[PDB]
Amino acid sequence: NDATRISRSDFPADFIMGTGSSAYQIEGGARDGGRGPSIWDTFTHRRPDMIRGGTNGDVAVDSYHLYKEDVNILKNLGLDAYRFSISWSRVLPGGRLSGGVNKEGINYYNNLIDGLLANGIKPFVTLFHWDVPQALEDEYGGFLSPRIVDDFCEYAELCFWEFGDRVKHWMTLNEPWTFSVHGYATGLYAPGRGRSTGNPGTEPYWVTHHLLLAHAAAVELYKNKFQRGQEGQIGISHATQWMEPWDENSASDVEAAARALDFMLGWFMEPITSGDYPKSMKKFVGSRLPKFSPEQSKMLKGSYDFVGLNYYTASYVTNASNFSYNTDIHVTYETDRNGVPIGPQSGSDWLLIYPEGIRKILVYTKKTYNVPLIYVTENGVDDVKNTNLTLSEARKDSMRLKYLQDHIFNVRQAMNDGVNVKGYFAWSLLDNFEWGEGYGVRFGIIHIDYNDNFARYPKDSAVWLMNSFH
């Protein structure tokens, strides 16, 4: 009943605990080892006004050079697994085969994977975590063009071929919701369209459509061409946020909350469940929502071995009072129920701590989508922004420790509920490059000293994880 007491021994023996990262956020060596640029290099370099402090991932926290140090920290941490992504423009600088296959980039991922394995840590590997190769962006518009589908398969194939003998858990995409909405609706993430210069009412829908197609076609490639020989599993990780009706007993708000789930999570989950978009998206987006061919529907339906969910926060939802994705949802998000916020702020004013949400999002996904195997692929919280603190003060992350305890507890509740969760990955292992927010937003269980070669030092939360989840 007390969440500070939660530990490995409240979970099945085969439950996988881990931490996470993504290539652009930690690797650095952006022009080292033959890596070609991604749309994020381009965004952060051409439009440093879009980044808090105008920073980028040229060096990030230097896991490109310090990977042996991350492996040692992961080993000391004692958790089962490490979720990281492959930088598409590292292994294929030009995005397609014709831009050349980068042997040194492959060698880096082999070294990381080998390091992880020699230390009993399972690699969980995401192919696409937003770093679309600039060459593809430039040649045809990246995910705006169906040409992205074939190129992504050839990339997935290269990765299965090179790494599949040792990597047994693959995700095609991480958070295409976030990628689609902030790249193409709000224009706040790479490639920064939407705020032809963009169109927030059409482009997010093509992007998501192509993302879904890319995902389906790479899953089919894995299933048909690698799975028998390699015996791994492939899925995808989705952005989630719990949507609670503003008024418990208002039919309108219950529908509004369900529509909000529909536009965020249903948007990707229904295609991979029934091969179509949610009814409410069809109704509210009309002719601006693309149709799948029957062949695409066959390919999308059931196209995963597992689904990863990413969870941070929650919101109340109510009905709303030219065209844009944001206005299509026809909802208004509310944070406060009569001056009572759904939960307290973290270091970020958008992250309201509501641990129960992770439980309701799990329960909701099993019910609505009937996913057989679920991983929490991301869950975590950011430190209050404060450059005044010494490391000993900074590393006492009480709020994170409680946040993890409380969420992990709720994951356990979801599993009692019937949700088959097979592991849980904290976001993140390292303080890292937090997209539009730069370095000031620290999600790590390992503190990074940005004044000193990105020195790693475990925060209280890492110590507790080691001691409680070995």
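All residue numbers refer to positions in the sequence shown, first residue = 1.
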query	finding
Unmodelled stretch of the deposited sequence separating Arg195 from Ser196, binned as none, 1 to 3, 4 to 9 or 10 or more	10 or more
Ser321 to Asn322: deposited residues without atomic coordinates	4 to 9
Entry-level comparison of average CA B-factors, 310-318 and 87-95, reporting the higher stretch	310-318
Comparing 73-81 with 252-260, the one whose average Cα B-factor in the PDB entry is higher	252-260
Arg337, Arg166, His169, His210, ranked by C-alpha B-factor: the highest one	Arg337
Candidate set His65, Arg442, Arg35, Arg412 [ranked by C-alpha B-factor, highest]	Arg412
Where the record places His129 (Cα B-factor, split into thirds across the chain)	lowest
Record-listed C-alpha B factor of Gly28: chain third	lowest
Chain thirds of CA B-factor: placement of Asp417	highest
Chain thirds of CA B-factor: placement of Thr377	lowest
Position of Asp406 among the chain's modelled residues by C-alpha B-factor, lowest, middle or highest third	highest
